[PDB]
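In: Build me a model from this:
(one chain, ligands or ions: 4)
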Amino acid sequence: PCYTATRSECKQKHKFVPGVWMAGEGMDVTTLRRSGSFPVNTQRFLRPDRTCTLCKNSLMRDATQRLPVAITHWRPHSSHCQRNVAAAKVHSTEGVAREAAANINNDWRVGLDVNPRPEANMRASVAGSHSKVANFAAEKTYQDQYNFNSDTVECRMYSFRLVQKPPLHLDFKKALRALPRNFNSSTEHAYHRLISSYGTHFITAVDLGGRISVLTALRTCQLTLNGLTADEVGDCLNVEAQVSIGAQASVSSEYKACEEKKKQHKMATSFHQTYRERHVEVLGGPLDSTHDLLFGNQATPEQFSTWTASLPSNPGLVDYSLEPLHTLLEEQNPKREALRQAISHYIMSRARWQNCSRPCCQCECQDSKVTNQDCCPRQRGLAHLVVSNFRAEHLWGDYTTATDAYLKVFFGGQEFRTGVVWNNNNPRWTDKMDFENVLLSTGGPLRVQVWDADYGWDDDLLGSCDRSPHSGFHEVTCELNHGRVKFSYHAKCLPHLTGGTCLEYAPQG
Ligand SMILES: *[C@@H]1O[C@H](CO)[C@@H](O)[C@H](O)[C@H]1NC(C)=O
Ligand SMILES: [Ca+2]
Ligand SMILES: [Ca+2]
Ligand SMILES: [Ca+2]
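Out: Numbering: from 1, shown residues only. Ligands and ions are numbered 1, 2, ... in the order given. Right below this line is the structure:
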C-alpha cells in the first residue's frame with residue numbers, strides 16, 4: 001500500500017521498517033533454533049535507479065520508513081490479538097483396608113473319686129485351658145494430584161515475504177568459493193562447515209508481532225501405608241489332687257501355671273513428592289514491560305497497555321516459513337544436487353539420536369529432580385510374589401498312622417490353601433502358587449502354617465513360621481517343634497523399582 005519515492009524524499013533520516021533484518025535468517029529444521037545466520041544480505045536499500053521506497057507507518061505516528069528492495073509486500077496488519085487460556089486438573093485416589101481376627105479357646109477338666117468301704121478314700125482333679133488371639137490390619141492410601149495450565153497472548157502487526165532472486169551475502173559467496181565441486185565422503189566435512197554456519201532452511205515469509213506464553217504445572221503424589229499386627233497367647237493349667245485316709249492321713253498337691261504372651265507390630269510409611277514448574281516467554285517489548293510483566297502471577301492492564309503502545313517500534317517473532325537453501329543457487333548448476341543429499345542425511349542423523357528431545361529415543365518417566373515433566377511412579381512397593389517348591393521333612397502329624405499334613409499361606413490379608421496328600425512323613429507338592437501384584441512392604445508378615453488333618457472339630461497344628469518378604473530369589477527354612485519345612489519364593493520388583501522392599505527409584509529420573 002505504498003510507492004517509490006524521489007531524490008528529495010530519499011535524503012533525510014529515515015529508519016528502516018521494524019524487524020526487517022529478521023528476514024532471510026537461517027534456522028535449523030532439526031531444532032527450530034535460530035543460529036543467527038544470514039545467507040542473504042538485506043543491507044542494500046537503493047535500486048539501480050537510485051530511488052528508495054518510503055512507506056507509510058500505520059500504528060506509528062504518521063511518518064514513513066525505508067523499505068529494502070528484497071522485501072516483497074510490507075503489509076501493516078491493522079490489528080490481530082489472540083488469547084488462548086487452557087487449564088486442566090486431574091485427581092486420583094485409592095484406598096484399601098484389610099482387617100482379620102481369630103479367637104480360639106479350649107478347656108480341659110477331669111475328676112476322679114474312689115471311696116473303698118474298708119477305711120480308705122481317694123480323690124483327684126485336673127483342669128486346663130488354652131487361648132490364642134490373632135489380629136492383622138493394613139491400610140493403603142494412594143493419591144495423585146496433577147495440574148496444568150497455559151496462557152498465551154499473541155498480537156500480529158507486521159508481515160512480509162521475499163523473492164527467489166535476493167542479493168546473496170558476500171560471506172556466503174566466499175563460503176561457496178571454498179566449497180568443493182560435488183559430494184564425497186571426504187568433502188562432506190566441508191559441507192558441515194557450511195551447515196552449522198548457515199542452517200538448513202532460510203526464512204522466506206515472516207510475520208512480526210508480540211507474544212506472551214505462560215506454562216505452569218504442578219504434580220503431587222502421596223503414598224501412605226500402615227500396618228498393624230497383634231498376637232496374644234494365654235495358657236492356664238490348674239491341677240489339684242488330694243488323697244485322704246479314714247485314719248488321719250492327708251496328702252494335697254495343687255499346681256497352678258499360666259503363661260501370657262503378647263506381640264505388637266506397627267509400621268507406618270509416608271512418601272510425598274511435589275514438582276512445580278513455571279515457564280514464561282516474552283518476545284515483544286522495548287525492555288519496558290519487563291518491569292512488572294515477568295514477575296508476579298498477575299499483570300495490571302496499565303503496563304500491558306504501555307507495552308502494546310510501544311510495540312510497533314520493536315517487533316518480535318510469531319510465525320515463519322522455511323525455504324531450502326538449494327533453491328538459492330543457479331538454475332543451471334550441478335552442485336545443487338550433491339548439496340541437499342548431505343543435508344537430508346544430516347537431518348535424519350539429528351532426527352535419530354543426536355537430537356531426541358521432542359520424540360519422547362524413549363526417555364524416562366520421572367521428573368529427574370529438575371525439569372522433565374514426566375510422571376511420578378503411580379505404583380510403588382508392588383511385587384509379583386511367586387511361592388513354589390513346598391517341602392517338609394520328618395513330621396510327626398498323625399500319631400497312630402502316617403502324617404496327613406497340609407500347608408496354609410497367609411499374606412496381605414489373603415488366605416490361601418494347598419492340596420493334601422495322605423500318609424506321608426515328608427511330602428512335597430508341585431503347586432505353582434501366585435499372588436499377582438502385592439505390597440511386600442506392608443503386606444504384614446508372610447506366614448506358612450503346617451496343619452495335621454485329623455478329621456476333627458479341633459484340628460492338630462504341627463506349627464507355623466513367620467518371615468518378612470524381600471525381593472529376590474529367596475529360600476525360606478523353618479524348624480518346627482517337630483519336623484521342618486522348607487520352600488522358596490521370588491517376588492521381583494515391578495519395573496522402575498528395585499531394592500529389598502521395592503520403594504526406592506533406581507535411576508535419576
Ligand atoms: C571425493 O571425490 C572428489 C571428486 O569427485 C575428489 O576430489 C575427492 O578427492 C574425493 N575424496 C575421497 C576419495 O576421499
Ligand atoms: Ca495328630
Ligand atoms: Ca493328619
Ligand atoms: Ca494318616
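In: Most proximal residue of this structure with respect to ligand 1?
Out: Closest approach between the chain and ligand 1, counting by Cβ to the nearest ligand atom: residue 184, at 2.8 Å. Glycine gets a C-beta too; all of them are placed from N, C-alpha and C.
In: Could you check how far that residue is from residue 68?
Out: According to Cβ to Cβ, to the nearest Å, residue 184 and residue 68 sit 38 Å apart.
In: neighbour count winner among these two?
Out: Neighbours around residue 184 and residue 68, counted as other Cβ atoms under 10 Å, are more numerous at residue 68. The numbers are 21 against 12.
In: pretty sure the more buried one contacts residue 44?
Out: Yes - using Cβ atoms under 8 Å, residue 68 is in contact with residue 44, at 6.8 Å.
In: For the closest residue to ligand 4 within the stretch 51-200 of the chain, what are phi and psi?
Out: Ligand 4 sits closest to residue 106 of the stretch 51-200 of the chain, with a gap of 23.2 Å, by Cβ to the ion. Here is the backbone geometry of residue 106 (degrees, to the nearest 10): phi -140, psi 150.
In: Isn't it up against residue 458?
Out: Yes - between residue 106 and residue 458 a contact is recorded at 7.3 Å, counting by Cβ under 8 Å.
In: In terms of neighbours, single out the busier of the two.
Out: Counting neighbours by other Cβ under 10 Å for residue 106 and for residue 458 shows that residue 106 has the greater number, 11 against 8.
In: Now do the SS call for residue 335.
Out: helix (DSSP: H, G, I helix; E, B strand; the rest coil).
In: can you tell me which residues contact the closest residue in space to residue 317 that isn't next to it in sequence?
Out: In space, and not counting its chain neighbours, residue 317 is closest to residue 283: 5.6 Å by Cβ to Cβ, 6 or more residues apart in numbering. Residues near residue 283 by Cβ atoms under 8 Å, 6 or more residues apart in numbering: 210, 211, 316, 317, 318.
In: how about residue 283, phi and psi?
Out: Taking degrees, to the nearest 10 as the convention, residue 283 sits at phi -120, psi -30.
In: Please apply the same query to the one 10 residues further on.
Out: Backbone torsions for residue 293, taken as degrees, to the nearest 10, come to phi -70, psi -40.
In: How about residue 339?
Out: phi -70, psi -70.
In: now it: how far from residue 196?
Out: From residue 339 across to residue 196, the span is 15 Å (Cβ to Cβ).
In: Please apply the same query to residue 105.
Out: The gap separating residue 105 from residue 196 is 85 Å, by Cβ to Cβ.
In: my read is residue 268 is in a helix, agree?
Out: No - if the criterion is three-state DSSP, then residue 268 is strand and not within a helix.
In: okay, residue 339 and residue 196: which has more neighbours?
Out: A side-by-side neighbour count of residue 339 and residue 196, using other Cβ under 10 Å, places residue 339 first with 20 against 13.
In: Can you give me the neighbour number for the closest residue to that one other than its chain neighbours?
Out: Spatial nearest neighbour of residue 339, excluding adjacent residues (Cβ to Cβ, 6+ apart): residue 326 at 4.9 Å. By the criterion of other Cβ under 10 Å, residue 326 has 15 neighbours.
In: picking that back up, now do the same contact list for the residue of the stretch 51-200 of the chain closest to ligand 4.
Out: Going by Cβ under 8 Å, 6+ apart, residue 106 touches 129, 130, 131, 458.
In: same deal with residue 95?
Out: Residue 95 makes contacts with 139, 140, 141, 142, as judged by Cβ under 8 Å, 6+ apart.
In: and the residue most central in space within the chain, how far is that from ligand 3?
Out: Closest to where the C-alpha atoms of the chain average out (Cα atoms, centre = their mean) is residue 375, at 2.4 Å. Distance, residue 375 to ligand 3, by Cβ to the ion, to the nearest Å: 53 Å.
In: Is that residue in a helix, a strand, or coil?
Out: Going by three-state DSSP: residue 375 is coil.
In: hey, what's residue 93 bridged with?
Out: residue 143 (DSSP bridges).
In: before we move on, back to that, most neighbours, which of the contacts of residue 95?
Out: Using other Cβ under 10 Å as the neighbour criterion, residue 140 leads the contacts of residue 95 with 20 neighbours.
In: What residues of the helix or strand hosting that one count as buried?
Out: If you go by DSSP states H and E, residue 140 is part of strand 122-161. Buried residues in strand 122-161, counted by 16 or more other Cβ atoms under 10 Å: 127-128, 132, 134, 136-140, 142, 144, 146, 148, 153-161.
In: what's the answer for stretch 51-60, then?
Out: 52, 53, 54, 55, 57, 58, 60.
In: Restricted to strands, list these.
Out: Those of those mapping onto strands are 53, 54, 55, per DSSP state E.
In: Residue 73 is in contact with the last one, correct?
Out: No - taking Cβ under 8 Å as the definition, residue 55 is not a contact partner of residue 73, at 10.3 Å.
In: and the residue of the stretch 101-250 of the chain nearest ligand 2?
Out: Closest point on the stretch 101-250 of the chain to ligand 2, by Cβ to the ion, is residue 106, at 15.1 Å.
In: Tell me which residues touch residue 197, please.
Out: Listed by Cβ under 8 Å, 6+ apart, the contact set of residue 197 reads 35, 37, 175.
In: Mind giving me the ChimeraX select for the residues you listed, buried ones only?
Out: Applying 16+ other Cβ under 10 Å to the contacts of residue 197, the buried members can be selected in ChimeraX as follows:
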select :37,175
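In: Reformat the contacts of residue 197 as TSV; add secondary structure and distance to ligand 1.
Out: Listed next are those as TSV, based on DSSP: H, G, I helix; E, B strand; the rest coil; distance: Cβ to the nearest ligand atom, whole Å:
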residue	secondary structure	distance to ligand 1
35	coil	28
37	coil	27
175	helix	18
